[PDB]
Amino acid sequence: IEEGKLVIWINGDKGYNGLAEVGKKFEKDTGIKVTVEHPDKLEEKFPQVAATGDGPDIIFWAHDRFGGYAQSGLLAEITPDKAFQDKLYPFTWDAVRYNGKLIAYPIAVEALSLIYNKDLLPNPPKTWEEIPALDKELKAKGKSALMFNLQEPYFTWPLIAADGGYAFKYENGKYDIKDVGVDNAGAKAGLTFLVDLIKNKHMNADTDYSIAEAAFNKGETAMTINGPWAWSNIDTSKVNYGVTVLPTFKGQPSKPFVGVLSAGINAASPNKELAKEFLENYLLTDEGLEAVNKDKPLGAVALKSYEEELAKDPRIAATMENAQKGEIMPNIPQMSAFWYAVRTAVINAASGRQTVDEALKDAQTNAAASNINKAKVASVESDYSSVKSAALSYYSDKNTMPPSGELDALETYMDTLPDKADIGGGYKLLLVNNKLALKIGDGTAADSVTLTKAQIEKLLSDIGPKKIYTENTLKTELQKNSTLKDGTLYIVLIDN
């Protein structure tokens, strides 16, 4: 990185030339140079070079990766003023909130749609099941029915989820990282259908993003599956295209994962204030978003005033319809493991390196926590982090620590207030000397924590040294072979 200039990373399928135009307008006004790059494997390179203390000032990606980035301390907390926050749709803010803290600026909502060539297929299929028969007719003309990227699980997920597959189960405001649905009957039905399409030579296992795009834009295939960013290149081509709802599978809608394109600020950037100025006052304005959108369509933008302006576009209506039937992606750190797991399953099943049953069995193992005890610890870490953030807001506003007692003191600073720890025990607040601590458990058989040594290690590693105590004056720290005889934990949320 370099002070006095901004470097921005964004994926190559997005409108980086339009973003560069916003950067030039920024440079005009402020003299600060903005350089937009689009590295390969962007989402993997960032966490290596950021952990280093380098990388871009600003990173763009869908929101699902950002929880991992935040957990690793790679991201600067973002603090938009209330009036700025009011300019963006609340559900897009929700996508970039991680344990009570905003960790990026939301930009736009994307979901996959069915894109079809109206000159080859005046009426698109309503069902996946009728696609083999379409392909047979089209083969007669030297064409094919459908081509889309089979190397990225994002594109095959809508079909996998249709009959019941899911990533992480959501319950009581939290994701369960043990409860993964990649291996149920629904996921198997979806992936089996895909593999049958390939076995019957309706599709090719080697088809990647570039191959599918070239084929559709040259008029060689009647349909593809892609997001709003792709519409630009279809515009430039001679194809008369429509954008519509994904086909149903076994009578149920396809369920694409919904992504919110987001911009995060590198925690090691010496340019955070410049980065904040650029994002809030240049990019996230009608003119800034128009420049990006004119280059490669964003989808349904997060900025209310501009979303209204574009809302009549039938292609955006179709995007929103598919997004409605799908699910918002979790942003939790375990998403990276989920995506690696499903990529491997889809590639191996498609190429014949694993049967469908074997591929998904392995995928469930790869995607889910190793065991329920680890999932319990992740849950308690989530609770702790959320309560901490809430207690910090309480302090800054009252210039007092919360009262020792119920967690309800922090109620209006959270929405989902934690009631009970998954490791056992209830939550209370416990003010001691200069510290506010989260008390877990109350020393009774019915209300107390149990921790294995494995769990104790994980907590210590994940939460850090001198934070977890086993007695109410915060003398004795939790340690590997602690008996936890009294079944109570004290975790410091704030110290002065």
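Note that residue numbering begins at 1 and tracks the sequence as displayed.
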Looking only at CA atoms, which has the higher mean B factor in the entry: 299-307 or 267-275? 267-275
State which stretch shows the higher mean Cα B factor in the entry: 48-56 or 62-70. 48-56
For the listed residues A363, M414, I225, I347, which one has the largest C-alpha B-factor as given in the deposited model? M414
Top Cα B factor in the deposited entry, candidates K188, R353, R97, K141: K141
Please place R315 in the lowest, middle or highest third of its chain by C-alpha B factor as given in the entry. lowest
Which third, lowest, middle or highest, does the C-alpha temperature factor of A391 belong to within its own chain? highest
Assert third(CA B-factor, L284) within chain per record equals middle
Give the position of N373 by CA B-factor within its chain, expressed as the lowest, middle or highest third. middle
Quick check for you: using the entry's CA B-factors within this chain, is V22 in the lowest, middle or highest third? middle
